[PDB]
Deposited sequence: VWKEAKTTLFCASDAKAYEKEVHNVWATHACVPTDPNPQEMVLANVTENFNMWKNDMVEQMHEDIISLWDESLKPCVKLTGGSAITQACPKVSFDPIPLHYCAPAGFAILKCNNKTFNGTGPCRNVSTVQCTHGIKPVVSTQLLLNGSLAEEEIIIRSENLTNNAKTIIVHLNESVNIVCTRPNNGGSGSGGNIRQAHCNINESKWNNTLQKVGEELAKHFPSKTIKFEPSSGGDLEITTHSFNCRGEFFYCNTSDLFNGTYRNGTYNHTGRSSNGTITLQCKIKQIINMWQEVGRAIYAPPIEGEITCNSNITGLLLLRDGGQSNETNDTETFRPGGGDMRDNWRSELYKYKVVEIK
């Protein structure tokens, strides 16, 4: 183990909260980072048991703690209140670096699925730039798989283990609350989504011999996980995906059965004030949404799934440590 530090291009003149936090909590990234390629070496990685994930998790928690102040914060029977000003919120890439005396192993096997042996290895001082994007169901503004779609699980046969799909082509998603002040919506091109679930259906079909692979909405639970929740400019969006995860893959073909219109799937969204915290068990209450057009144009770079004659997969999430995993799976902290 170690104590990693972070590096970023945070502007000290920037009011945006990620910048304000990184400037005081992080170090300036290196303008030209080099890696140290290695042959005749193979190392084992376990994305599911990586301490780097917990360290980033802890930073993002303190980053949010300092950045997003909820009016009220309830933990059972006790409540804390404070000023909760609206802020400039837009994630920036964070780099994680090993201190003097340690390094960071980097798997270069472009098909490596997070766990097991990795032949093509390398050594770096810092990870690549990772946007600490908090969301469920859909992974946003992340990196793409270089060659084909990659299915990641701590155990695939264990239907309780979250599955991380690493897309090799991003699907664009635009969410907007137009200038009901809490009513918003997202647009997704159905063509891109059809192709996405077609491929994803194939990669899954593999792993699961010959079964009718269905995609359905989250069976139930808190809104944070039964919908695609995320933060857009500080506002907490909860977007319905019952028309997104709605289809079936059989006989090597995908059929989207979710509603769509002129080739665009739209998610009905709801900007909420009361939010079940991901940082800890509790509820945070924020002020009503700011005025004007609130829009976030993002890229879907991965999916979070949970499997139930037909296998059924549903959108998952909730443990933000999986969001960090989807980018940190390549890395491993090692000693010198």
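Several segments of the deposited sequence are absent from the coordinates, namely 1 to 5, 185 to 192, 322 to 329, 358.
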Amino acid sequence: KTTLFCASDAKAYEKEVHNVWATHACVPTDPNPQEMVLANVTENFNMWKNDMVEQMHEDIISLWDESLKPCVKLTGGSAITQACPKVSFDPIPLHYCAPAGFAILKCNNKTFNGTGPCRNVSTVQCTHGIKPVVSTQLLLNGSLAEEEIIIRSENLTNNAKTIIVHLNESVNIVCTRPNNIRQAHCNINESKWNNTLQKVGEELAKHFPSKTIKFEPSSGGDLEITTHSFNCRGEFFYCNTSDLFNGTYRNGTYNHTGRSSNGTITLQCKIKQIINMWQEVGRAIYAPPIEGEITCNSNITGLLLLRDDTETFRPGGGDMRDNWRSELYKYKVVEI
From here on, numbers count along this sequence of modelled residues.
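The term rigid core refers to the maximal set of C-alpha atoms that superpose within 1.5 Å between the two forms.
Choosing between 37 to 45 and 269 to 277, the greater Cα displacement from the shown form in 9 other deposited structures of this protein, fitted by the core, goes with 37 to 45.
The rigid core fit leaves 253 to 261 as the farther-lying stretch in 9 other deposited structures of this protein, judged by Cα positions and set against 253 to 261 and 87 to 95.
If you average the C-alpha B-factors over 40 to 48 and over 280 to 288, the higher value belongs to 40 to 48. Per the PDB record, of the two stretches 8 to 16 and 312 to 320, 8 to 16 carries the greater mean B-factor over its C-alpha atoms. Set against one another, the Cα B-factors of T212, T266, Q137, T257 in the record reach their highest point at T212. Among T123, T227, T176, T162, the highest C-alpha B-factor recorded in the PDB entry belongs to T123.
Among the modelled residues of its chain, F236 has a C-alpha B-factor that falls in the lowest third according to the deposited record. Ranked within its chain, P33 lands in the highest third, by CA B factor from the PDB record. Among all modelled residues in its chain, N251 ranks in the highest third by Cα B-factor.
In the PDB entry, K106 places in the highest third of its chain by CA B-factor. For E147, the recorded CA B-factor ranks within the highest third of the chain. Only modelled residues enter the ranking.
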